[PDB]
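S.K.: To start, I am sharing the structure in question, which I have written as structure tokens.
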There are 4 protein chains.
Amino acid sequence: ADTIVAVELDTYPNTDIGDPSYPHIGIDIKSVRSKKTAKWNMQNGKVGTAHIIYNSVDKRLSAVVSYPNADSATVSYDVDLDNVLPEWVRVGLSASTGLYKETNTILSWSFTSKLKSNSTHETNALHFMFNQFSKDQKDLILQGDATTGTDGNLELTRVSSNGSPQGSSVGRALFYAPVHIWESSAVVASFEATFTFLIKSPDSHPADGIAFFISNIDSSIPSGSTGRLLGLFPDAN
Amino acid sequence: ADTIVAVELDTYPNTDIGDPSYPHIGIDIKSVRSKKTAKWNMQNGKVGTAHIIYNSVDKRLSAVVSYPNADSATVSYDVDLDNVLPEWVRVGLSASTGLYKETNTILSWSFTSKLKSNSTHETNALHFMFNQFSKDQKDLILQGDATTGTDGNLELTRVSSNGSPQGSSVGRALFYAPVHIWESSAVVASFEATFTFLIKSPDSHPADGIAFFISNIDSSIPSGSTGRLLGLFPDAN
Amino acid sequence: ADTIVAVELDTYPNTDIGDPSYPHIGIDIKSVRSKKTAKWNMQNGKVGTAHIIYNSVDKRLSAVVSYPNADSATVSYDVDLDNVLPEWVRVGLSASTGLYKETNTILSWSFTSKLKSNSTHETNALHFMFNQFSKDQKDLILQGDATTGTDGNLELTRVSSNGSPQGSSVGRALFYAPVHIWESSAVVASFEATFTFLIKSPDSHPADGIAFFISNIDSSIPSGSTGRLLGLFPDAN
Amino acid sequence: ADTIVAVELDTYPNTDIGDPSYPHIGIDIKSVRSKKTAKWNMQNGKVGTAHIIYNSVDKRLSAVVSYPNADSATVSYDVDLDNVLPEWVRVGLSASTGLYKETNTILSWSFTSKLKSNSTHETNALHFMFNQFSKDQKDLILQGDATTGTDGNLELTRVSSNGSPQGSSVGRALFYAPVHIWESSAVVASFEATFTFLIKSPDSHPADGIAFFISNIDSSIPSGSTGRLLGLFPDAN
Ligand SMILES: [Ca+2]
Ligand SMILES: [Ca+2]
Ligand SMILES: [Ca+2]
Ligand SMILES: [Ca+2]
Ligand SMILES: [Mn+2]
Ligand SMILES: [Mn+2]
Ligand SMILES: [Mn+2]
Ligand SMILES: [Mn+2]
């Protein structure tokens, strides 16, 4: 199976796989059963922003999510990612629906990774920023039901012509270039990610969520990972 | 054939294809026969730096090259790249040798592209920076004789175990992700590139040079493009 | 008198000082009588964005302005700023009203300056970005009627408690640090600026406009520079 | 007295104020008596690089120092800087000598601060980068014996015409603009700093060190802060 590290914005409480009884933000290290969660006062139909940060000195994966006019929610987990992930990874966004549903619309996504060596000329970096997405967005790898270009956005899960979200949908978008997150000469390695999202549902119970993830470069949507599995995991182990 | 835009650091004067009678910097638009050149006082065995800049408002491709303790050389050419190149491109470095030879060593390479739309949330960007190159540099596409990791550098052309440059060599490195240089909503599009290089030769007449280039995403080394053709063109037309 | 270079978004046509007979964008080199203008289809009450770019290789000051859902307007002028401005400058935003009036609200302002030398370790930079402004914004120098913090914005000219713009008002904001735009070792010097603005008026004829400017470090609002003089010039010479 | 947070590169062991018995890197929170140290294998006459990082989610101040061809040293301390420092600060470099001495030469200094709010348009930033220093470096506030421009470097402490370091010297350089490190709407605040330094001494026992610091905006060199006090503290409390 793939190797997954993710920050989930989990909109539906699945209590038999350890979700708390409310929407939540969570840190997922090789399992859908988050290592750490925090309550998330999700707002149906409002644009939110999530921020993800990490560095190899402190070895703490942290995330913050907010809406305008609202307080934030935050979660952190102590983890040495160099012991979890390979040296080269891809980074992405994933989302799913099940029998319950929502739009999983991404309006912007940015990422920066840096590796500072002990050489004289120390810095190495990758950065991207998307504030719009074209029909043919060649620097994204789209998987499953993900599409780009409708209203200039990334729709991770299927939305009908009406604009209504569909159930039983799973889709991801990965940045095309592999990312180097460890190197033998690096003295500090760091990354940051931000994305803005619009989760809308006609229903009092939206599902299933959006995640930012980091994986093996060849990651693909696991069989049967609609719904609670967020397009990330093959099972709920 | 591929579509090529390049800035050449041409170390060998080939007077029958329009080179001036000295090493020179040049702007190449779909031909090895530069549209504009300037004299370049190349220094064998010293580390130099080249800078390349462009934006879609002014439609002027400009380059500057220097060494420490030396004056610079610069060239500019008025060209609307949106009329020359496709919407999506790859960017790279190329170099060659022929019967005359040199090392074509790259010590660092950075690039930034930006597209600013008329939306509210206007900016889109790609940036990379390499200050070292690993044996397995997964975010570069290496072509021909190019290798990475010897002394942490990118060697575009073949160097023997002795450290001696070989003749009759051609190699390129392209950044893995495609780059979006035009978009229908962009109000300003720009790019900048910098690279540092070490061209060394045991000979009074080094050849053939290094170029930064922008091409169709599927570009590949043309047959027979050793020597004067810089790994860029199939002929001297 | 101060030395001023500016890009004006001139909302009121003053035909006796050379304005065209419509709102316009203009490049001002030491005079309110723009060296170059272009028609600007200003939209009362909509948020717009302006972009300003320059580099010392090409010696062309260019600007673009747009609104969402609208085409852009652009202007360019060939000028060697090293012959106009001192080595160290301050950068700012200015606006005015007269007998005619408008709000001159700034919602964001960013700037980047870079100087690349011929040394090994070549780059020098300053960047700032404001997406909000506090009541006590210590890294801005406010002049005249400019205030910060109302609805988190920079109001360059006076607005009453009602939210109604006042006439006969002039205000500027300068970034606190001086900016180094020429240096003897620089091989390329560049800058870019962006700002977003909301110009609203209850009147069919708003006035007078907003400008981004670059000046001597000790610049101050000239006496009598309300109205057509944009807080920038002492007279219409 | 001023309020100081600093990362020290302490070259001389003063065992009665808690220094370990070797050169060390340390985190100083309102006292010269570091809260945390780590052994630092300082190399007389070689160029080193220090990196400092912090964010308000994790509340951990961390630093790494290295030389080419050498292993790094690192230190971290859990501290909420919003409880230590004011909302607006200045950032700087300081160094000292005493009866023992060294050069305290800075070859480059960069800094980035970011404040991400919960608004739509979330990011606010300041960045600077110096890779050279001019005789008249207007965006630095020089204190005590600090000078700029000799060999294009920042000499924090006095060096004679011979190039020999002097004893009993203290000097600092602060960036001119104040820096906003907390804001009521910020959901994440972060900073990073890097500097490269050359500490040389004709003596087997160099002293006293270099620090990166963050202070109240009006900070000044305390009386009698030569030597062990690093230009930072008025006493060894
Ligand atoms: Ca769930
Ligand atoms: Ca040639
Ligand atoms: Ca006017
Ligand atoms: Ca000490
Ligand atoms: Mn969950
Ligand atoms: Mn040529
Ligand atoms: Mn005008
Ligand atoms: Mn100490």
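Order determines the names: the first chain of the structure tokens is A, the second B, and so forth; residues in each chain are numbered 1 upward, and ligands are numbered 1 upward as they are shown.
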Which residues sit within 7 Å of ligand 1, counting only C-alpha atoms and all ligand atoms, listed as an MDAnalysis selection string?
M.R.: chainID A and resid 10:14 19 208 228
S.K.: What are the residues of chain C that have an atom within 7 Å of an atom of chain D, counting only C-alpha atoms, as a PDB file with N, CA and C atoms, in the first residue's frame?
M.R.:
```
ATOM      1  N   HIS C 121      27.764  35.403  -4.135  1.00  0.00           N
ATOM      2  CA  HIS C 121      26.537  35.503  -3.302  1.00  0.00           C
ATOM      3  C   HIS C 121      25.892  36.844  -3.689  1.00  0.00           C
ATOM      4  N   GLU C 122      25.043  36.718  -4.750  1.00  0.00           N
ATOM      5  CA  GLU C 122      24.619  37.865  -5.539  1.00  0.00           C
ATOM      6  C   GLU C 122      23.383  38.567  -5.083  1.00  0.00           C
ATOM      7  N   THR C 123      22.491  37.943  -4.313  1.00  0.00           N
ATOM      8  CA  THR C 123      21.208  38.625  -4.254  1.00  0.00           C
ATOM      9  C   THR C 123      20.944  39.391  -2.996  1.00  0.00           C
ATOM     10  N   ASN C 124      20.326  40.538  -3.214  1.00  0.00           N
ATOM     11  CA  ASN C 124      19.891  41.415  -2.122  1.00  0.00           C
ATOM     12  C   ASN C 124      18.449  41.803  -2.375  1.00  0.00           C
ATOM     13  N   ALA C 125      17.612  41.831  -1.375  1.00  0.00           N
ATOM     14  CA  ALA C 125      16.192  42.031  -1.595  1.00  0.00           C
ATOM     15  C   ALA C 125      15.515  42.709  -0.408  1.00  0.00           C
ATOM     16  N   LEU C 126      14.432  43.414  -0.713  1.00  0.00           N
ATOM     17  CA  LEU C 126      13.456  43.851   0.241  1.00  0.00           C
ATOM     18  C   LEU C 126      12.062  43.467  -0.295  1.00  0.00           C
ATOM     19  N   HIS C 127      11.257  42.895   0.544  1.00  0.00           N
ATOM     20  CA  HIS C 127       9.871  42.635   0.224  1.00  0.00           C
ATOM     21  C   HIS C 127       8.971  42.952   1.382  1.00  0.00           C
ATOM     22  N   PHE C 128       7.817  43.537   1.094  1.00  0.00           N
ATOM     23  CA  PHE C 128       6.765  43.648   2.078  1.00  0.00           C
ATOM     24  C   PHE C 128       5.436  43.314   1.447  1.00  0.00           C
ATOM     25  N   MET C 129       4.512  42.885   2.274  1.00  0.00           N
ATOM     26  CA  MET C 129       3.137  42.651   1.812  1.00  0.00           C
ATOM     27  C   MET C 129       2.223  43.007   2.961  1.00  0.00           C
ATOM     28  N   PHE C 130       1.259  43.876   2.670  1.00  0.00           N
ATOM     29  CA  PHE C 130       0.172  44.220   3.567  1.00  0.00           C
ATOM     30  C   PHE C 130      -1.124  43.722   2.927  1.00  0.00           C
ATOM     31  N   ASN C 131      -1.847  42.887   3.659  1.00  0.00           N
ATOM     32  CA  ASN C 131      -3.243  42.556   3.325  1.00  0.00           C
ATOM     33  C   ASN C 131      -4.215  43.071   4.353  1.00  0.00           C
ATOM     34  N   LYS C 138       3.140  50.537  12.445  1.00  0.00           N
ATOM     35  CA  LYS C 138       4.382  51.195  12.743  1.00  0.00           C
ATOM     36  C   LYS C 138       5.391  51.193  11.574  1.00  0.00           C
ATOM     37  N   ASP C 139       5.217  50.242  10.628  1.00  0.00           N
ATOM     38  CA  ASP C 139       6.066  50.211   9.473  1.00  0.00           C
ATOM     39  C   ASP C 139       5.553  51.028   8.305  1.00  0.00           C
ATOM     40  N   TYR C 176       8.391  52.335   5.849  1.00  0.00           N
ATOM     41  CA  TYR C 176       9.326  52.952   6.797  1.00  0.00           C
ATOM     42  C   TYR C 176      10.764  52.860   6.398  1.00  0.00           C
ATOM     43  N   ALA C 177      11.163  51.701   5.897  1.00  0.00           N
ATOM     44  CA  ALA C 177      12.571  51.538   5.497  1.00  0.00           C
ATOM     45  C   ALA C 177      12.867  52.179   4.165  1.00  0.00           C
ATOM     46  N   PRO C 178      14.026  52.809   4.079  1.00  0.00           N
ATOM     47  CA  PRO C 178      14.520  53.260   2.771  1.00  0.00           C
ATOM     48  C   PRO C 178      14.843  52.026   1.923  1.00  0.00           C
TER      49      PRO C 178
END
```
S.K.: Could the residues that lie within 12 Å of ligand 3, counting only C-alpha atoms and all ligand atoms, be listed as a count of residues only?
M.R.: 45
S.K.: How many Å lie between CA of residue 87 in chain C and CA of residue 106 in chain D, rounded to one decimal?
M.R.: 23.2 Å
S.K.: Can you pull out every residue within 7 Å of range 53-67 of chain B, counting only C-alpha atoms, but drop anything in the same chain fewer than 4 positions away, and send it as a ChimeraX atom specification?
M.R.: /B:47-49,71-80,188-193 /C:118
S.K.: Kindly save the residues from that selection, with C-alpha atoms included, as a short mmCIF file (atom, residue, chain, number, x, y, z; two decimals), in the first residue's frame.
M.R.:
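Written output follows (again07.cif):
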```cif
data_model
loop_
_atom_site.label_atom_id
_atom_site.label_comp_id
_atom_site.auth_asym_id
_atom_site.auth_seq_id
_atom_site.Cartn_x
_atom_site.Cartn_y
_atom_site.Cartn_z
CA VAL B 47 32.56 30.56 -11.86
CA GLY B 48 30.16 32.87 -13.66
CA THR B 49 26.51 33.77 -13.25
CA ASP B 71 32.28 43.88 -15.72
CA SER B 72 29.09 42.30 -17.08
CA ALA B 73 27.86 41.60 -20.59
CA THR B 74 24.18 42.04 -21.53
CA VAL B 75 21.91 41.41 -24.47
CA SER B 76 18.24 42.17 -25.14
CA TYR B 77 15.78 41.37 -27.94
CA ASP B 78 12.19 42.53 -28.46
CA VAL B 79 10.06 39.46 -28.90
CA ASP B 80 6.52 38.50 -27.93
CA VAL B 188 1.00 40.16 -16.52
CA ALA B 189 3.16 37.06 -17.04
CA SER B 190 6.85 37.06 -16.14
CA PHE B 191 9.83 34.84 -15.62
CA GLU B 192 13.33 35.06 -14.28
CA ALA B 193 16.14 32.53 -14.30
CA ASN C 118 28.43 40.15 -9.65
#
```
S.K.: Could you check how far CA of residue 213 in chain D sits from CA of residue 164 in chain D, in Å to one decimal?
M.R.: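 Between CA of residue 213 in chain D and CA of residue 164 in chain D the gap is 25.8 Å.
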S.K.: For residue 4 in chain A, work out the shell of residues within 8 Å, counting only C-alpha atoms and skipping chain neighbours fewer than 4 positions away, then give it as a PDB file with C-alpha atoms, in the first residue's frame.
M.R.:
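So the final result, stored in out.pdb, reads:
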```pdb
ATOM      1  CA  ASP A  28      -3.168  11.070  10.004  1.00  0.00           C
ATOM      2  CA  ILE A  29       0.127   9.127  10.039  1.00  0.00           C
ATOM      3  CA  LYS A  30      -0.296   5.937   7.978  1.00  0.00           C
ATOM      4  CA  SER A  31      -3.890   5.457   9.172  1.00  0.00           C
ATOM      5  CA  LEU A  85       7.964   9.110   4.442  1.00  0.00           C
ATOM      6  CA  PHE A 213      -1.439  14.777   1.976  1.00  0.00           C
ATOM      7  CA  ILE A 214       2.138  13.738   1.319  1.00  0.00           C
ATOM      8  CA  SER A 215       2.815  10.310  -0.195  1.00  0.00           C
ATOM      9  CA  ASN A 216       5.167   8.081  -2.138  1.00  0.00           C
ATOM     10  CA  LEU A 232      -6.294   8.118   1.180  1.00  0.00           C
ATOM     11  CA  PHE A 233      -6.442   4.632   2.768  1.00  0.00           C
TER      12      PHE A 233
END
```
